[PDB]
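There are 2 protein chains.
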Amino acid sequence: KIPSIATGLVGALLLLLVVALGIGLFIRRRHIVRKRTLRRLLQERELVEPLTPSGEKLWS
Amino acid sequence: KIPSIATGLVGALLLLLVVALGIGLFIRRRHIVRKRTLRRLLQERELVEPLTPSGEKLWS
Numbered sequence: 061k062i063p064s065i066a067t068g069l070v071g072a073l074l075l076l077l078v079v080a081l082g083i084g085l086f087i088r089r090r091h092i093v094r095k096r097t098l099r100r101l102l103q104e105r106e107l108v109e110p111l112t113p114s115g116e117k118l119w120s
Numbered sequence: 001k002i003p004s005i006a007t008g009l010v011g012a013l014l015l016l017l018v019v020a021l022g023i024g025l026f027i028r029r030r031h032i033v034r035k036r037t038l039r040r041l042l043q044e045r046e047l048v049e050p051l052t053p054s055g056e057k058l059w060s
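As you go down the protein sequences, you meet chains B and A in turn.
Residue numbers for the first sequence follow the entry's author numbering, so the first one is 61 and each next one is one higher.
Residue numbers for the second sequence follow the entry's author numbering, so the first one is 1 and each next one is one higher.
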C-alpha cells in the first residue's frame, strides 16, 4: 500500500527537523543574550598570551 | 508484511544515533584539546568583573 523507503525518511527527517529547529533556535537565542567577552577572549586567550620579561635583566 | 510504525522509528532512531554519535564524539574530543581558560574566564567574565575606584577621591 505504501513504500517502506518513505516511511523511514519521514520519521528521521521530521524528527531531525523538530530537534534541529528546537535545539537550533534554543542555542541561537543564547548568542544574543550572551556577552562578546568570551569571543574577545576566545581568540585572545587561544594563542595570544602575553610573554614579556618583568624582572630578568634588572632582577636576579 | 511489515508495520509502518517500526519503519519510521528505525530511520529516525538510526539517523539520530549516527548523527549524535559522530557529532557527539566530534565535540567531546575537542574538550580535551581545548584550554580551561575559557571556563576560568567563562564564569569569571560572566558576572565577576572588577569594579573599584582607581582615581575618584584622590583624582578630580
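The beta carbon of each residue, even a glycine, is placed where N, CA and C say it ideally should be.
Expected contact under 8 angstroms - CB spacing of residue i and residue j to nearest Å
| i | j | result |
| --- | --- | --- |
| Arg45 of chain A | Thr97 of chain B | 4 angstroms |
| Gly8 of chain A | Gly82 of chain B | Wrong, their Cβ atoms sit about 19 angstroms apart, outside the cutoff. |
| residue 67 of chain A | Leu76 of chain B | Absent from the structure is residue 67 of chain A, since the part of chain A shown begins at 1 and ends at 60. |
| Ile5 of chain A | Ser64 of chain B | Actually they are not in contact, since the Cβ atoms of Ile5 of chain A and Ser64 of chain B sit about 12 angstroms apart, beyond 8 angstroms. |
Rounded C-alpha distance that separates residue i from residue j
| i | j | result |
| --- | --- | --- |
| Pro113 of chain B | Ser120 of chain B | 12 angstroms |
| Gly71 of chain B | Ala12 of chain A | 5 angstroms |
| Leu102 of chain B | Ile32 of chain A | 16 angstroms |
| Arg34 of chain A | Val108 of chain B | 15 angstroms |
| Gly115 of chain B | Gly24 of chain A | 46 angstroms |
| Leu58 of chain A | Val79 of chain B | 58 angstroms |
| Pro50 of chain A | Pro110 of chain B | 20 angstroms |
Residues that residue i contacts on chain A, provided the C-beta gap is smaller than 8 angstroms
| i | result |
| --- | --- |
| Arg105 of chain B | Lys35, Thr37, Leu38 and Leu41 |
Neighbouring residues, chain B, relative to residue i (Cβ below 9 angstroms)
| i | result |
| --- | --- |
| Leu16 of chain A | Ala72, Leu75, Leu76 and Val79 |
Chain-ordered neighbours of residue i on chain A, where CB pairs are closer than 7 angstroms
| i | result |
| --- | --- |
| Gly84 of chain B | Result: empty, since nearest Cβ-Cβ is about 13 angstroms, beyond 7 angstroms. |
| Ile62 of chain B | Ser4 |
Proximal chain B residues relative to residue i, where beta-carbon distance stays under 8 angstroms
| i | result |
| --- | --- |
| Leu9 of chain A | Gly71 |
Own chain residues within Cβ distance below 8 angstroms of residue i, not counting five before or after
| i | result |
| --- | --- |
| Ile87 of chain B | none |
| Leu14 of chain A | none |
Same chain, Cβ closer than 6 angstroms to residue i, neighbours up to 5 away in sequence not counted
| i | result |
| --- | --- |
| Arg29 of chain A | none |
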